[PDB]
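Visitor: this one's a deposited entry, sequence included:
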Amino acid sequence: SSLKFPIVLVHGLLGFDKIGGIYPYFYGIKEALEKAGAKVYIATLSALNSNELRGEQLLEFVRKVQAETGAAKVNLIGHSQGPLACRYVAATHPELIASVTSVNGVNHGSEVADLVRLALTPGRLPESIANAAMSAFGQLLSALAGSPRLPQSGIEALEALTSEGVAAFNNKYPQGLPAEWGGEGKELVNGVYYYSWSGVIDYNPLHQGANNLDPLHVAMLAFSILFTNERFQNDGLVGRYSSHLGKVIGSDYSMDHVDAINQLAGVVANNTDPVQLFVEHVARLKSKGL
């Protein structure tokens with residue numbers, strides 16, 4: 001092992017243990033992290049909206065890793081909703097956490113989640129816009145499940161991504177958060193290292209098509225248009241500045257939301273190598289004494 005502490009991967013995307021139905025969440029990432037000389041464990045969590053409850057499940061898994069390895073701490077690496085569970089464990093039990101790495105994390109909420117909830121009230125939004133948010137969401141759910149899913153079967157899980165919901169969490173566990181919109185947070189807080197990286201897409205509907213992409217990436221293109229604040233800087237589910245946590249290694253990579261975890265099945269829709277970012281991060285953690 002090149003690292004002093006093991007790595008625990010934390011998934012968190014609308015309650016899916018695996019993408020497409022069979023494909024592992026962090027596709028080809030565990031094998032790559034191990035190839036860099038690191039011990040990797042995949043956290044098993046339940047589809048909950050409470051990051052405190054999901055965090056407790058993560059806390060249990062971490063203590064099981066420590067029992068098997070004999071290590072004092074672990075390096076937390078989470079995706080999307082994942083980092084929120086990581087931030088909880090680091091806040092309540094910093095003595096067990098060496099570092100918290102956020103990958104396209106929903107650290108300040110999702111503008112997509114704020115839009116879809118408004119489509120439940122007939123009249124709150126223009127009918128065309130409301131149907132567009134529900135249609136794209138249904139396309140996302142179907143791709144993630146690998147089978148036809150109605151958007152109403154994923155609304156509850158999407159509620160956990162709202163700006164109001166995350167803001168309540170942030171006010172209770174603000175460790176590592178930026179002091180200003182677009183800025184960075186402290187790299188080292190209470191003996192815990194905080195890192196983050198994310199991506200944005202360069203998609204113009206008037207010049208770029210979407211007939212050669214998997215429906216999983218197509219949904220990202222549709223939602224990126226429906227962004228209100230970070231309209232020209234998001235990965236399809238979370239804006240660039242919304243994903244900042246601790247030291248921002250880079251939040252403007254060429255990745256959509258599912259590109260960050262090498263989906264679908266290694267077939268990314270953009271230019272940035274997702275796996276290499278994880279590999280290079282191993283060297284970063286190693287040089288920090290982690």
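Guide: Received it, and whenever you're ready, just let me know what you need. Numbering: from 1, shown residues only.
Visitor: may I have the distance across stretch 24-32, first residue to last?
Guide: Across its full length, stretch 24-32 reaches 13 Å between end residues, using Cα to Cα, to the nearest Å.
Visitor: residue contacts, the spatially most central residue of the chain?
Guide: Note on the chain: the residue nearest the mean C-alpha position is residue 80, at 1.4 Å, using Cα atoms, centre = their mean. Counting by Cβ atoms under 8 Å, 6 or more residues apart in numbering, residue 80 makes contact with 11, 12, 13, 103, 104, 105, 106, 237, 238, 257. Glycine gets a C-beta too; all of them are placed from N, C-alpha and C.
Visitor: most neighbours of all those residues, which one?
Guide: residue 104 (34 neighbours; other Cβ atoms under 10 Å).
Visitor: give the contact list for that one.
Guide: With Cβ under 8 Å, 6+ apart, residue 104 has these contacts: 79, 80, 197, 198, 199, 235, 237, 238, 243, 255, 257, 260.
Visitor: pull out the buried positions in the helix or strand residue 135 falls within.
Guide: Assigning secondary structure by DSSP states H and E places residue 135 in helix 127-145. Of all the residues in helix 127-145, those buried under the rule 16 or more other Cβ atoms under 10 Å are 130, 132-134, 136-145.
Visitor: name the next helix or strand downstream of that helix, please.
Guide: helix 155-158.
Visitor: just the buried positions in that following helix, please.
Guide: By neighbour count on 16+ other Cβ under 10 Å, the buried set for helix 155-158 is 155, 157, 158.
Visitor: out of these, which comes closest to residue 87?
Guide: Distance to residue 87 across the buried residues of helix 155-158 (Cβ to Cβ) is lowest for residue 157, with 19.0 Å.
Visitor: which ones are touching residue 139?
Guide: Taking Cβ under 8 Å, 6+ apart, we find residue 139 in contact with 215, 218, 219, 222.
Visitor: show me where the stretch 51-200 of the chain has strands.
Guide: Taking DSSP state E, counting those that start in this stretch, the strands of the stretch 51-200 of the chain run over residues 74-79, 97-103, 188-189, 192-200.
Visitor: and the most far-flung residue of the chain relative to its centre, how far from residue 129?
Guide: Each residue of the chain has a distance to the centre, and by Cα atoms, centre = their mean the biggest one is for residue 123: 31.6 Å. Distance, residue 123 to residue 129, using Cβ to Cβ, to the nearest Å: 12 Å.
Visitor: got it, and residue 151?
Guide: Residue 151 is 14 Å from residue 129, by Cβ to Cβ.
Visitor: do the same with residue 109
Guide: From residue 109 across to residue 129, the span is 19 Å (Cβ to Cβ).
Visitor: please apply the same query to residue 103.
Guide: From residue 103 over to residue 129 the distance is 30 Å, taken as Cβ to Cβ.
Visitor: the nearest residue to residue 63 once chain neighbours are set aside and residue 89, how far apart?
Guide: With Cβ to Cβ, 6 or more residues apart in numbering as the criterion, residue 63 has its nearest non-adjacent residue at 7.4 Å, and that residue is residue 96. Using Cβ to Cβ, we find residue 96 at a distance of 7 Å from residue 89.
Visitor: neighbour count for those two, which is higher?
Guide: Counted by other Cβ under 10 Å, residue 96 and residue 89 do not tie: residue 89 has more neighbours, with 29 against 20.
Visitor: contacting residues for the more buried one?
Guide: Counting by Cβ under 8 Å, 6+ apart, residue 89 has contacts 55, 58, 59, 62, 76, 96, 97.
Visitor: same question, residue 72
Guide: Residue 72 sits next to 5, 66, 95, 96 when contact means Cβ under 8 Å, 6+ apart.
Visitor: pull out the buried members of those residues.
Guide: By 16+ other Cβ under 10 Å, the contacts of residue 72 give 5, 66, 96 as buried.
Visitor: I'd assumed residue 62 was in contact with the last one.
Guide: In other words, residue 96. Yes - Residue 96 is within contact range of residue 62, at 5.9 Å (criterion: Cβ atoms under 8 Å).
Visitor: shared neighbours of the two, anything?
Guide: Joint contacts of residue 96 and residue 62 (Cβ under 8 Å, 6+ apart) are 74, 89.
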